[PDB]
Amino acid sequence: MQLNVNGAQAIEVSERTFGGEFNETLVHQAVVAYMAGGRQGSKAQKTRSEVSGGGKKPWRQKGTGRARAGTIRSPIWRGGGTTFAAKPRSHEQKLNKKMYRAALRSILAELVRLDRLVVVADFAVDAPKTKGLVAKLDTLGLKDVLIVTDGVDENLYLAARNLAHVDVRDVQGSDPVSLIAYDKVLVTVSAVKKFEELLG
Amino acid sequence: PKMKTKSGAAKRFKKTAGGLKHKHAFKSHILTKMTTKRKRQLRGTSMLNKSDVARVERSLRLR
Amino acid sequence: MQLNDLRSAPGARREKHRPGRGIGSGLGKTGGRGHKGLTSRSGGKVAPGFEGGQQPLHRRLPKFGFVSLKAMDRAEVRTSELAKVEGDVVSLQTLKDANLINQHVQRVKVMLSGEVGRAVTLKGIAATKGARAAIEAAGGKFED
Amino acid sequence: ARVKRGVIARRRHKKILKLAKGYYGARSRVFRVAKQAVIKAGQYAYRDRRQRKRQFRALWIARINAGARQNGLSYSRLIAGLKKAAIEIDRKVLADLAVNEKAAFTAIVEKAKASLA
RNA sequence: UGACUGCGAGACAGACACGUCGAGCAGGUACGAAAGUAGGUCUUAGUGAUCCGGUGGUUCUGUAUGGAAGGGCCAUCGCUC
RNA sequence: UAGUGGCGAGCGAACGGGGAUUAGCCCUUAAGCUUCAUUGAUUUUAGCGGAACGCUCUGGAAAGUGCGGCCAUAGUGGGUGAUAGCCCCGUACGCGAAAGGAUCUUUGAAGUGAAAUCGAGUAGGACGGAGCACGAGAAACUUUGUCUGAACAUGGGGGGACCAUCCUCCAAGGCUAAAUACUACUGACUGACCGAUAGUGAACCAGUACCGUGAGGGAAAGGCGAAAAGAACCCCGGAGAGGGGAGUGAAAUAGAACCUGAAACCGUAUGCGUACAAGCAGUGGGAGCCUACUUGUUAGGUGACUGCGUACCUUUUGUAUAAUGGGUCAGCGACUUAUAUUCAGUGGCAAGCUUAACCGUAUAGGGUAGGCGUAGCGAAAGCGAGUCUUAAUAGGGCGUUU
Ligand SMILES: [Mg+2]
Ligand SMILES: [Mg+2]
Ligand SMILES: [Mg+2]
Ligand SMILES: [Mg+2]
Ligand SMILES: [Mg+2]
Ligand SMILES: [Mg+2]
Ligand SMILES: [Mg+2]
Ligand SMILES: [Mg+2]
Ligand SMILES: [Mg+2]
Ligand SMILES: [Mg+2]
Ligand SMILES: [Mg+2]
Ligand SMILES: [Mg+2]
Ligand SMILES: [Mg+2]
Ligand SMILES: [Mg+2]
Ligand SMILES: [Mg+2]
Ligand SMILES: [Mg+2]
Ligand SMILES: [Mg+2]
Ligand SMILES: [Mg+2]
Ligand SMILES: [Mg+2]
Ligand SMILES: [Mg+2]
Ligand SMILES: [Mg+2]
Ligand SMILES: [Mg+2]
Ligand SMILES: [Mg+2]
Ligand SMILES: [Mg+2]
Ligand SMILES: [Mg+2]
Ligand SMILES: [Mg+2]
Ligand SMILES: [Mg+2]
Ligand SMILES: [Mg+2]
Ligand SMILES: [Mg+2]
Ligand SMILES: [Mg+2]
Ligand SMILES: [Mg+2]
C-alpha cells in the first residue's frame with residue numbers, strides 16, 4: 001500500500017505489515033505478555049515453618065478446655081504463618097515469535113488506519129538540546145509521540161530524555177505497549193523499511 | 001518435577017496406534033488342566049478395555 | 001486501539017473456581033468435595049492404579065516383550081520428505097542438515113508415504129519396494 | 001495484593017443491623033443474632049404474602065355471611081344464587097357493600113334469592 | 001486316538017480380570033460300504049492372577065566385533081497363597 | 001528413556017547432541033602461586049559547582065485556580081503551612097585527594113610448587129562390606145577391613161559374565177586459572193511486596209519485659225499541631241485529682257492516654273407502648289397516640305388487639321430437639337504455588353509447529369540441539385500401506401480412504 005511521508009512523496013510498503021486486519025485478542029495477549037514480562041516478582045511471606053519459634057505444643061491436647069493447638073504460629077493465630085505464603089516467582093508468559101510478529105503487524109496496520117502513524121523522511125537533531133527537539137516536534141504538531149528510528153542517535157536520545165511525553169526507540173525496541181500508549185508514532189522512512197524486513 | 005511412569009505398568013502395556021496392548025492372564029503355570037482352545041484363545045495381545053483405559057493411562061504418565 | 005480499550009475474545013479467558021466462598025457461588029462449604037472420606041481430606045488422593053486393595057490391573061497381567069536397543073539408532077523418512085533435502089543427494093548427513101532425522105540416527109529407511117517431488121539420489125539409505133519404485137519413477141537412483 | 005476486609009465487612013454488617021431495627025434486645029444490636037432474625041422475618045414475609053390473601057378472603061366471607069343472614073340467606077345459598085343469576089361481583093367488593101352500602105347489598109341478596117327460586 | 005494343530009463367523013455372560021457355546025475353513029487322522037460322526041466324558045463342581053525360579057523348543061536379541069552369557073517368544077512345571 | 005526394584009512403593013543413567021568457559025605444565029625439575037622491592041594505570045575511603053517563575057483567586061498557609069513565561073544531557077526524587085522542573089536539598093553533567101586500602105600491570109629477588117629421577121605389598125585374586133541409576137543378579141568397573149599377590153612396552157589396563165580378534169589408553173608421582181556454589185557483612189538501585197493483629201519475634205531503649213534451676217521459650221507497646229504557639233491569669237477543689245472561664249491555634253469534641261474515632265457494652269433526654277398476662281419475640285392485619293408538613297389516599301416514631309409461627313450451624317434415615325459449636329463485638333482465619341501433563345475454550349502458524357540452555361546496548365533478534373507431527377504392524381530381527389499370527393498369499397488382530 002501507500003504510506004504518506006510529510007517531507008517527501010508517499011512510499012510503497014508491504015500489505016502484510018501495514019494493511020492487515022486487527023487481531024484484538026492477539027494484540028491483547030502480546031500486551032498482557034509484555035506487561036507480565038516486566039514484573040520484578042520479588043516478594044515473600046513466611047509460612048508456619050518460617051515464622052520465629054513455634055516448636056513446642058502450647059498446651060496438652062486434652063483436658064485444658066481450650067481448642068487443641070500444635071503451634072503458636074498456626075496461620076489461625078495472630079502472629080503466625082501465612083497459610084500460602086508467597087515466594088519470589090516469575091510472571092513472564094511465553095509468546096511465540098510469530099505470535100509476537102503478528103501482533104506487531106496488527107498494531108502497525110491499526111496505527112495507519114487510525115492516522116496515528118506519522119512518517120517522515122528523516123529525524124535528526126544537531127545538538128543534544130531538549131529545546132531543539134521541542135521546536136522540531138512543534139513544527140510537526142506532535143506533543144505525545146513515540147519516535148522510532150532505524151538507529152537511535154546519541155544526541156536524539158539525550159534531547160528526548162527529559163521530555164514529558166516523548167520516547168525515542170530503535171526498531172527492535174518498539175514493543176506493543178509503547179506503540180499503543182503514545183498518542184502518535186513518528187517513524188522515519190528508514191525505520192519503516194526496517195519494520196518491513198522484520199515483519200515481512 | 002516431571003511425572004514418573006509406573007515401571008510395572010510400562011512393562012505390561014505397550015502403546016500402539018489403536019490403544020494399549022497387553023498379554024493375557026492365566027497362561028503361566030497350570031496348563032495341563034486347561035483345554036487347548038482356552039490356552040490358544042488366551043494367547044497373543046489384546047487392546048485394553050474401555051473401563052481400564054483411564055486408570056492405566058494414569059498409571060502410565062500419559063494423563 | 002488503546003490500553004483501556006483492549007479485550008480478549010469471548011471465551012479466551014475465564015475466572016478460576018473459588019471454592020468455599022459462600023452459598024451463592026455454588027462451591028461453598030465443601031468445595032465440591034462432598035461430605036467425608038479420603039477424597040474430601042486435605043492431601044486426600046488415591047494412588048494411581050489403586051483399585052481398593054484388589055489385585056491391580058498393572059499386576060494381574062504379565063510382563064511381556066523386550067525393548068529393542070538396536071532400534072534406537074534408526075529412523076524412517078517418508079518419500080514426501082525427500083524433496084526437502086538440499087543438494088539433490090539424500091544421505092545420512094544430508095538428512096541431518098535438513099533436520100529430517102535426529103543427530104544420533106545411524107541407519108535410515110525410506111517408506112512410501114507421499115509423492116517424491118524431484119529426482120534425488122539415495123546414498124547408503126534403504127527403501128521399501130514401494131518407496132524404491134516411486135523414487136526411481138521420479139528419476140532417482142540408489143547408491144551403496 | 002493484601003486486601004483488608006474492614007470497610008466491606010462493616011458495610012455488610014450495617015445493612016443487616018439496619019434491617020433489624022425495632023427488634024428486641026440482641027436481635028437489633030448483635031450481628032449474628034440480628035442476621036438470623038432478618039432471615040426469619042424474610043421467611044415469614046414471603047409466607048405471609050400468601051397468607052394475607054387467605055386471611056382477607058376469610059374476612060370477606062364472614063362479613064358476607066353476616067350481611068346475608070340479616071337478609072334471610074346464608075353465605076352458601078347467596079353464592080349459589082349469585083351464580084344462578086350471573087353476578088360476578090367478587091367477595092372483596094361484596095364485603096364492602098355489606099358494611100358500607102347496605103341498600104346495595106340488600107338489592108344483590110334479593111337478586112340472588114329470586115334466582116334460587 | 002478328534003482327550004488332534006492353526007484358527008474361527010457369530011453369540012451368551014459380564015465392573016475388570018477371568019468365563020461359556022460354537023457353525024465353518026485349512027492341515028493331518030480314526031471309525032463306517034457310505035451319507036456321515038469325532039476339537040473328550042448327559043450337563044452343570046473337581047479350582048489359584050502376577051512376580052520369581054525350573055525344563056523342552058526357537059528363524060528373535062546378543063552393550064566394539066564373532067560367539068557366549070543373559071534376555072524375548074512358544075510349550076510346560078512349582079502355591080489347602 | 002535403558003536399566004533397577006518384596007519387578008511392590010519407588011529409584012534412575014549413559015552414549016550422543018547443544019552451550020558457558022577454555023590451558024595446560026613438570027619429576028634431566030616447569031607452568032603457576034606467595035612474599036618483598038619496583039613501572040605505570042585505574043579504583044575506593046571526605047568533598048566542589050550544578051539551570052530556570054512571576055502576577056492573580058480561594059485559603060490559616062499555595063506548591064492548587066486563572067493568566068503569562070523560562071530551564072531541561074537536570075520532568076513522575078525528598079521536603080517546604082494543601083498538589084513545585086524553575087522555594088530549599090537534590091538530580092543530569094563536569095570537576096576533586098595530603099593520606100591510607102585494593103585491583104590490574106612492567107620488570108627483579110629469593111621461597112614454594114619439589115613427590116625427585118616415571119611410580120610394588122602396587123595391579124590382579126579370595127572372603128566381608130561400601131559405591132557405581134544397578135537391592136547378587138548372568139554382574140563388569142571403582143574402593144577396601146581380613147588374607148594374599150604379578151609383569152616390565154616382546155609388558156599392562158579397559159571396552160558390563162567370559163573367551164578370541166580388534167580398537168583405545170599407560171595406574172600405582174605431582175601442580176593447575178575460567179566458567180560453578182554461598183552472603184552473616186558494605187553500598188546503590190528496584191518492587192502490580194507489607195503498612196502497626198501486617199511486615200522481622202522486635203517501627204517503640206526487643207531477644208527486652210516476663211516465664212523457666214537450666215537448656216530454652218518469649219511478648220505488648222507507632223500518629224497533638226504547620227509551628228508548642230503545650231493553655232499567662234481568674235474561679236471551685238485538699239497549696240489535690242478533675243473541671244469552668246480566659247487565651248493560643250484554621251480547628252481544642254486537635255489539650256498532651258491528644259489525627260480519624262466504627263462495634264460490642266454503658267448512660268441521660270424526649271415520643272409512644274407496657275402491672276389479668278403465657279412460649280424462637282418476628283411476620284400478616286391493625287386501632288390509638290405523638291411529631292413534621294403536604295394538613296390527611298402523606299412522611300416518620302410507637303404500636304393496643306389479633307391470624308400464623310418450636311433460632312442458626314454441623315451431622316445425620318431423621319434434630320425445636322434434652323445431639324454438636326458459638327457470651328458479644330472488632331480485627332485476622334482455610335483450595336495456594338512450582339514443575340510435568342491431559343481435556344476444553346480462544347489465538348498464531350500450518351505438513352509442518354515450536355525452541356531449551358545460551359548469546360544478545362537484552363520482553364526484540366538469534367540459537368531448531370531437542371520435542372511433537374507427517375505410518376503402521378510385530379516381543380523382536382524386520383517388513384512397510386501394510387504388518388503379525390500361520391504350513392497358508394486362508395481366516396482373524398491392529399493399521400491405512402487425511
Ligand atoms: Mg508475620
Ligand atoms: Mg526468543
Ligand atoms: Mg509361559
Ligand atoms: Mg447445589
Ligand atoms: Mg464436613
Ligand atoms: Mg458417610
Ligand atoms: Mg466421598
Ligand atoms: Mg534435528
Ligand atoms: Mg558381542
Ligand atoms: Mg532363551
Ligand atoms: Mg540548583
Ligand atoms: Mg492539611
Ligand atoms: Mg604413572
Ligand atoms: Mg584391587
Ligand atoms: Mg583395574
Ligand atoms: Mg564387550
Ligand atoms: Mg598423574
Ligand atoms: Mg508485629
Ligand atoms: Mg490503625
Ligand atoms: Mg481567634
Ligand atoms: Mg492529619
Ligand atoms: Mg482523637
Ligand atoms: Mg393491662
Ligand atoms: Mg412470660
Ligand atoms: Mg402492616
Ligand atoms: Mg400461635
Ligand atoms: Mg443417629
Ligand atoms: Mg422436625
Ligand atoms: Mg442445641
Ligand atoms: Mg431446651
Ligand atoms: Mg456451648
# chains A, B, ... in the order shown; residues from 1 in each chain; ligands from 1
call {"tool": "residues_near_ligand", "arguments": {"ligand": "ligand 30", "cutoff": "9 Å", "atoms": "only C-alpha atoms (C1' of nucleotides) and all ligand atoms", "output": "number ranges by chain"}}
result
F: 320-322
call {"tool": "interface_residues", "arguments": {"of": "chain F", "to": "chain B", "cutoff": "12 Å", "atoms": "only C-alpha atoms (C1' of nucleotides)", "output": "PyMOL selection string"}}
result
chain F and resi 1+3-5+7-12+338-343+375-379+388-389+396-400
call {"tool": "atom_distance", "arguments": {"atom1": "atom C1' of residue 62 of chain E", "atom2": "atom 1 (Mg, counted along the ligand's line) of ligand 9"}}
result
6.1 Å
call {"tool": "residues_around", "arguments": {"residues": "residue 53 of chain D", "least_positions_apart": "4", "cutoff": "12 Å", "atoms": "only C-alpha atoms (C1' of nucleotides)", "output": "count of residues only"}}
result
12
call {"tool": "residues_near_ligand", "arguments": {"ligand": "ligand 20", "cutoff": "12 Å", "atoms": "only C-alpha atoms (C1' of nucleotides) and all ligand atoms", "output": "PDB file with C-alpha atoms (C1' of nucleotides), in the first residue's frame"}}
result
ATOM      1  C1'   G F  60      -4.659  29.584  58.386  1.00  0.00           C
ATOM      2  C1'   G F 247      -6.330  32.771  75.974  1.00  0.00           C
ATOM      3  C1'   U F 248      -3.354  30.017  71.625  1.00  0.00           C
ATOM      4  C1'   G F 249      -4.412  27.928  67.288  1.00  0.00           C
ATOM      5  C1'   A F 250      -7.500  27.288  60.820  1.00  0.00           C
ATOM      6  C1'   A F 251      -9.503  23.789  64.143  1.00  0.00           C
TER       7        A F 251
END
call {"tool": "atom_distance", "arguments": {"atom1": "atom CA of residue 113 of chain A", "atom2": "atom CA of residue 101 of chain A"}}
result
18.3 Å
call {"tool": "residues_around", "arguments": {"residues": "segment 20-31 of chain E", "least_positions_apart": "5", "cutoff": "10 Å", "atoms": "only C-alpha atoms (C1' of nucleotides)", "output": "list in words"}}
result
residues 1, 2, 4, 5, 6, 7, 8, 9, 10, 11, 12, 13, 37 and 38 of chain E; 391, 392, 394 and 395 of chain F
call {"tool": "residues_around", "arguments": {"residues": "residue 97 of chain D", "least_positions_apart": "5", "cutoff": "12 Å", "atoms": "only C-alpha atoms (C1' of nucleotides)", "output": "mmCIF file with N, CA and C atoms, in the first residue's frame"}}
result
data_model
loop_
_atom_site.group_PDB
_atom_site.id
_atom_site.type_symbol
_atom_site.label_atom_id
_atom_site.label_comp_id
_atom_site.auth_asym_id
_atom_site.auth_seq_id
_atom_site.Cartn_x
_atom_site.Cartn_y
_atom_site.Cartn_z
ATOM 1 N N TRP D 60 -63.769 -11.398 54.286
ATOM 2 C CA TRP D 60 -64.869 -11.027 53.405
ATOM 3 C C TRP D 60 -66.017 -12.014 53.522
ATOM 4 N N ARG D 63 -68.048 -11.553 56.678
ATOM 5 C CA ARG D 63 -68.889 -10.363 56.642
ATOM 6 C C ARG D 63 -70.054 -10.535 55.681
ATOM 7 N N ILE D 64 -69.825 -11.217 54.560
ATOM 8 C CA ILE D 64 -70.908 -11.522 53.632
ATOM 9 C C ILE D 64 -71.918 -12.451 54.287
ATOM 10 N N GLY D 67 -73.874 -10.256 56.659
ATOM 11 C CA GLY D 67 -74.755 -9.370 55.922
ATOM 12 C C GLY D 67 -75.908 -10.096 55.260
ATOM 13 N N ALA D 68 -75.650 -11.289 54.725
ATOM 14 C CA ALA D 68 -76.698 -12.034 54.038
ATOM 15 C C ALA D 68 -77.679 -12.658 55.014
ATOM 16 N N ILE D 89 -69.742 -10.065 40.883
ATOM 17 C CA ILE D 89 -69.149 -9.222 41.911
ATOM 18 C C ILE D 89 -68.414 -10.106 42.905
ATOM 19 N N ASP D 90 -67.144 -9.796 43.140
ATOM 20 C CA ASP D 90 -66.292 -10.647 43.954
ATOM 21 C C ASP D 90 -66.492 -10.359 45.441
ATOM 22 N N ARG D 91 -65.853 -11.173 46.279
ATOM 23 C CA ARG D 91 -66.139 -11.125 47.706
ATOM 24 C C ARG D 91 -65.553 -9.889 48.371
ATOM 25 N N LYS D 92 -64.461 -9.340 47.835
ATOM 26 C CA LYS D 92 -63.911 -8.109 48.397
ATOM 27 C C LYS D 92 -64.894 -6.957 48.252
ATOM 28 N N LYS D 102 -75.478 -0.799 52.477
ATOM 29 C CA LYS D 102 -76.362 -1.888 52.862
ATOM 30 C C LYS D 102 -77.573 -1.998 51.948
ATOM 31 N N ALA D 103 -78.049 -0.876 51.407
ATOM 32 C CA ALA D 103 -79.139 -0.929 50.441
ATOM 33 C C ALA D 103 -78.698 -1.600 49.147
ATOM 34 N N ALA D 104 -77.470 -1.326 48.702
ATOM 35 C CA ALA D 104 -76.939 -2.009 47.529
ATOM 36 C C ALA D 104 -76.775 -3.497 47.788
ATOM 37 N N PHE D 105 -76.309 -3.858 48.983
ATOM 38 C CA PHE D 105 -76.135 -5.264 49.320
ATOM 39 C C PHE D 105 -77.474 -5.980 49.422
ATOM 40 N N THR D 106 -78.499 -5.299 49.937
ATOM 41 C CA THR D 106 -79.825 -5.901 50.004
ATOM 42 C C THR D 106 -80.372 -6.188 48.612
ATOM 43 N N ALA D 107 -80.140 -5.278 47.665
ATOM 44 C CA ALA D 107 -80.611 -5.491 46.301
ATOM 45 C C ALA D 107 -79.948 -6.707 45.670
ATOM 46 N N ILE D 108 -78.657 -6.907 45.936
ATOM 47 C CA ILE D 108 -77.960 -8.072 45.400
ATOM 48 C C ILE D 108 -78.488 -9.352 46.032
ATOM 49 N N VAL D 109 -78.723 -9.337 47.345
ATOM 50 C CA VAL D 109 -79.241 -10.521 48.024
ATOM 51 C C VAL D 109 -80.625 -10.879 47.497
#
call {"tool": "residues_near_ligand", "arguments": {"ligand": "ligand 18", "cutoff": "10 Å", "atoms": "only C-alpha atoms (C1' of nucleotides) and all ligand atoms", "output": "number ranges by chain"}}
result
A: 78-79; F: 196-203, 220
call {"tool": "interface_residues", "arguments": {"of": "chain F", "to": "chain D", "cutoff": "9 Å", "atoms": "only C-alpha atoms (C1' of nucleotides)", "output": "list in words"}}
result
residues 192, 193, 194, 198, 262, 263, 264, 281, 282, 283, 284, 285, 307, 308, 309, 311, 312, 328, 329, 330 and 331 of chain F
call {"tool": "atom_distance", "arguments": {"atom1": "atom CA of residue 170 of chain A", "atom2": "atom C1' of residue 360 of chain F"}}
result
15.0 Å
call {"tool": "closest_atom_pairs", "arguments": {"of": "chain C", "to": "ligand 8", "cutoff": "12 Å", "atoms": "only C-alpha atoms and all ligand atoms", "output": "tab-separated table"}}
result
residue	atom	partner	partner_atom_place_in_ligand_line	distance
C:93	CA	ligand 8	1 (Mg)	11.4
C:94	CA	ligand 8	1 (Mg)	11.7
C:95	CA	ligand 8	1 (Mg)	9.3
C:96	CA	ligand 8	1 (Mg)	6.6
C:97	CA	ligand 8	1 (Mg)	8.1
C:98	CA	ligand 8	1 (Mg)	8.1
C:99	CA	ligand 8	1 (Mg)	4.4
C:100	CA	ligand 8	1 (Mg)	6.6
C:101	CA	ligand 8	1 (Mg)	6.0
C:102	CA	ligand 8	1 (Mg)	4.7
C:103	CA	ligand 8	1 (Mg)	6.3
C:104	CA	ligand 8	1 (Mg)	9.4
C:105	CA	ligand 8	1 (Mg)	10.1
call {"tool": "residues_near_ligand", "arguments": {"ligand": "ligand 14", "cutoff": "10 Å", "atoms": "only C-alpha atoms (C1' of nucleotides) and all ligand atoms", "output": "PyMOL selection string"}}
result
chain F and resi 122-125+142-144
call {"tool": "residues_near_ligand", "arguments": {"ligand": "ligand 6", "cutoff": "12 Å", "atoms": "only C-alpha atoms (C1' of nucleotides) and all ligand atoms", "output": "list in words"}}
result
residues 34, 35, 36, 37, 38, 39 and 40 of chain C; 315 and 316 of chain F
call {"tool": "interface_residues", "arguments": {"of": "chain A", "to": "chain D", "cutoff": "12 Å", "atoms": "only C-alpha atoms", "output": "count of residues only"}}
result
6
call {"tool": "interface_residues", "arguments": {"of": "chain F", "to": "chain C", "cutoff": "8 Å", "atoms": "only C-alpha atoms (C1' of nucleotides)", "output": "list in words"}}
result
residues 16, 17, 335, 345, 346, 375, 379, 380, 384 and 385 of chain F
call {"tool": "select_by_dssp", "arguments": {"residues": "segment 54-119 of chain C", "states": "strand (DSSP E or B)", "output": "JSON, numbers by chain"}}
result
{"C": [74, 75, 76, 77, 78, 89, 90, 107, 108, 109, 110, 111]}
call {"tool": "write_last_selection", "arguments": {"atoms": "C-alpha atoms", "output": "PDB file, in the first residue's frame"}}
result
ATOM      1  CA  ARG C  74      17.064 -45.994  13.224  1.00  0.00           C
ATOM      2  CA  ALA C  75      14.611 -43.605  11.609  1.00  0.00           C
ATOM      3  CA  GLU C  76      12.065 -43.729   8.804  1.00  0.00           C
ATOM      4  CA  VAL C  77      11.962 -40.980   6.177  1.00  0.00           C
ATOM      5  CA  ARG C  78       8.813 -40.610   4.105  1.00  0.00           C
ATOM      6  CA  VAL C  89      21.655 -36.264  -2.851  1.00  0.00           C
ATOM      7  CA  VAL C  90      19.814 -37.885   0.054  1.00  0.00           C
ATOM      8  CA  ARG C 107      20.604 -46.018   9.689  1.00  0.00           C
ATOM      9  CA  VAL C 108      17.653 -44.718   7.688  1.00  0.00           C
ATOM     10  CA  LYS C 109      14.878 -46.433   5.741  1.00  0.00           C
ATOM     11  CA  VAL C 110      12.505 -44.787   3.266  1.00  0.00           C
ATOM     12  CA  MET C 111       8.898 -45.967   3.034  1.00  0.00           C
TER      13      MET C 111
END
call {"tool": "closest_residue", "arguments": {"among": "E:81, E:75, E:16, E:33", "to": "chain C", "atoms": "only C-alpha atoms (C1' of nucleotides)"}}
result
E:16
call {"tool": "interface_residues", "arguments": {"of": "chain B", "to": "chain C", "cutoff": "7 Å", "atoms": "only C-alpha atoms", "output": "JSON, numbers by chain"}}
result
{"B": [8, 9, 11, 12, 23, 24, 25, 55, 56, 58, 59]}
call {"tool": "write_last_selection", "arguments": {"atoms": "N, CA, C and O atoms", "output": "PDB file, in the first residue's frame"}}
result
ATOM      1  N   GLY B   8       6.072 -50.923  36.491  1.00  0.00           N
ATOM      2  CA  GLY B   8       5.353 -52.161  36.259  1.00  0.00           C
ATOM      3  C   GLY B   8       4.299 -52.044  35.178  1.00  0.00           C
ATOM      4  O   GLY B   8       4.086 -52.983  34.408  1.00  0.00           O
ATOM      5  N   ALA B   9       3.616 -50.901  35.110  1.00  0.00           N
ATOM      6  CA  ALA B   9       2.601 -50.715  34.080  1.00  0.00           C
ATOM      7  C   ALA B   9       3.223 -50.645  32.692  1.00  0.00           C
ATOM      8  O   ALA B   9       2.666 -51.185  31.731  1.00  0.00           O
ATOM      9  N   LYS B  11       5.810 -52.134  31.638  1.00  0.00           N
ATOM     10  CA  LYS B  11       6.253 -53.459  31.235  1.00  0.00           C
ATOM     11  C   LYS B  11       5.104 -54.369  30.832  1.00  0.00           C
ATOM     12  O   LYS B  11       5.354 -55.451  30.299  1.00  0.00           O
ATOM     13  N   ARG B  12       3.862 -53.957  31.058  1.00  0.00           N
ATOM     14  CA  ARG B  12       2.708 -54.768  30.727  1.00  0.00           C
ATOM     15  C   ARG B  12       1.776 -54.135  29.707  1.00  0.00           C
ATOM     16  O   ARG B  12       0.844 -54.806  29.264  1.00  0.00           O
ATOM     17  N   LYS B  23      -0.649 -58.681  27.270  1.00  0.00           N
ATOM     18  CA  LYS B  23      -0.838 -60.119  27.235  1.00  0.00           C
ATOM     19  C   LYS B  23      -2.026 -60.509  28.106  1.00  0.00           C
ATOM     20  O   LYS B  23      -2.671 -59.674  28.743  1.00  0.00           O
ATOM     21  N   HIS B  24      -2.321 -61.797  28.145  1.00  0.00           N
ATOM     22  CA  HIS B  24      -3.427 -62.300  28.939  1.00  0.00           C
ATOM     23  C   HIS B  24      -2.924 -62.986  30.196  1.00  0.00           C
ATOM     24  O   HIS B  24      -1.813 -63.515  30.239  1.00  0.00           O
ATOM     25  N   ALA B  25      -3.766 -62.964  31.221  1.00  0.00           N
ATOM     26  CA  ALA B  25      -3.533 -63.705  32.444  1.00  0.00           C
ATOM     27  C   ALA B  25      -3.862 -65.187  32.240  1.00  0.00           C
ATOM     28  O   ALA B  25      -4.377 -65.600  31.200  1.00  0.00           O
ATOM     29  N   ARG B  55      -7.688 -45.488  33.987  1.00  0.00           N
ATOM     30  CA  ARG B  55      -6.891 -45.893  35.137  1.00  0.00           C
ATOM     31  C   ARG B  55      -5.464 -46.232  34.731  1.00  0.00           C
ATOM     32  O   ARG B  55      -4.506 -45.820  35.393  1.00  0.00           O
ATOM     33  N   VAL B  56      -5.302 -47.004  33.655  1.00  0.00           N
ATOM     34  CA  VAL B  56      -3.962 -47.376  33.205  1.00  0.00           C
ATOM     35  C   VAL B  56      -3.270 -46.181  32.565  1.00  0.00           C
ATOM     36  O   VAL B  56      -2.060 -45.989  32.724  1.00  0.00           O
ATOM     37  N   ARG B  58      -3.440 -43.290  33.565  1.00  0.00           N
ATOM     38  CA  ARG B  58      -2.924 -42.535  34.694  1.00  0.00           C
ATOM     39  C   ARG B  58      -1.759 -43.236  35.375  1.00  0.00           C
ATOM     40  O   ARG B  58      -0.854 -42.563  35.875  1.00  0.00           O
ATOM     41  N   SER B  59      -1.752 -44.571  35.391  1.00  0.00           N
ATOM     42  CA  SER B  59      -0.606 -45.306  35.916  1.00  0.00           C
ATOM     43  C   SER B  59       0.643 -45.024  35.091  1.00  0.00           C
ATOM     44  O   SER B  59       1.694 -44.670  35.634  1.00  0.00           O
TER      45      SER B  59
END
call {"tool": "decode", "arguments": {"residues": "segment 39-53 of chain A", "atoms": "N, CA and C atoms", "output": "CSV table (one decimal), in the first residue's frame"}}
result
chain,number,residue,atom,x,y,z
A,39,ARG,N,7.5,-7.6,35.3
A,39,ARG,CA,7.3,-7.6,36.8
A,39,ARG,C,8.6,-8.1,37.5
A,40,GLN,N,8.9,-7.5,38.6
A,40,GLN,CA,10.0,-8.0,39.4
A,40,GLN,C,9.7,-9.3,40.0
A,41,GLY,N,8.5,-9.5,40.5
A,41,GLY,CA,8.1,-10.8,41.2
A,41,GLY,C,8.8,-11.0,42.5
A,42,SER,N,9.3,-9.9,43.1
A,42,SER,CA,10.1,-10.0,44.3
A,42,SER,C,9.3,-9.7,45.6
A,43,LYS,N,8.8,-10.8,46.2
A,43,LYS,CA,8.1,-10.7,47.5
A,43,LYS,C,8.2,-12.0,48.1
A,44,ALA,N,7.8,-12.0,49.4
A,44,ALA,CA,7.7,-13.3,50.1
A,44,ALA,C,6.9,-13.0,51.4
A,45,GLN,N,6.3,-14.1,51.9
A,45,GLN,CA,5.8,-14.1,53.2
A,45,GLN,C,6.4,-15.3,53.9
A,46,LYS,N,6.1,-15.5,55.2
A,46,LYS,CA,6.6,-16.7,55.9
A,46,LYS,C,5.4,-17.6,56.2
A,47,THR,N,5.7,-18.9,56.0
A,47,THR,CA,4.8,-20.0,56.3
A,47,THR,C,4.9,-20.2,57.8
A,48,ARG,N,4.1,-21.2,58.3
A,48,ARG,CA,4.2,-21.6,59.7
A,48,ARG,C,5.6,-22.1,60.0
A,49,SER,N,6.3,-22.7,59.0
A,49,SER,CA,7.6,-23.2,59.2
A,49,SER,C,8.6,-22.1,59.4
A,50,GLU,N,8.4,-21.0,58.7
A,50,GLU,CA,9.4,-19.9,58.6
A,50,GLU,C,9.2,-18.8,59.7
A,51,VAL,N,8.1,-18.7,60.3
A,51,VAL,CA,7.9,-17.8,61.4
A,51,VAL,C,8.8,-18.2,62.6
A,52,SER,N,9.3,-17.2,63.4
A,52,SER,CA,10.1,-17.5,64.5
A,52,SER,C,9.3,-18.3,65.6
A,53,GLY,N,10.1,-19.3,66.2
A,53,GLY,CA,9.5,-20.1,67.3
A,53,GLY,C,8.5,-21.1,66.8
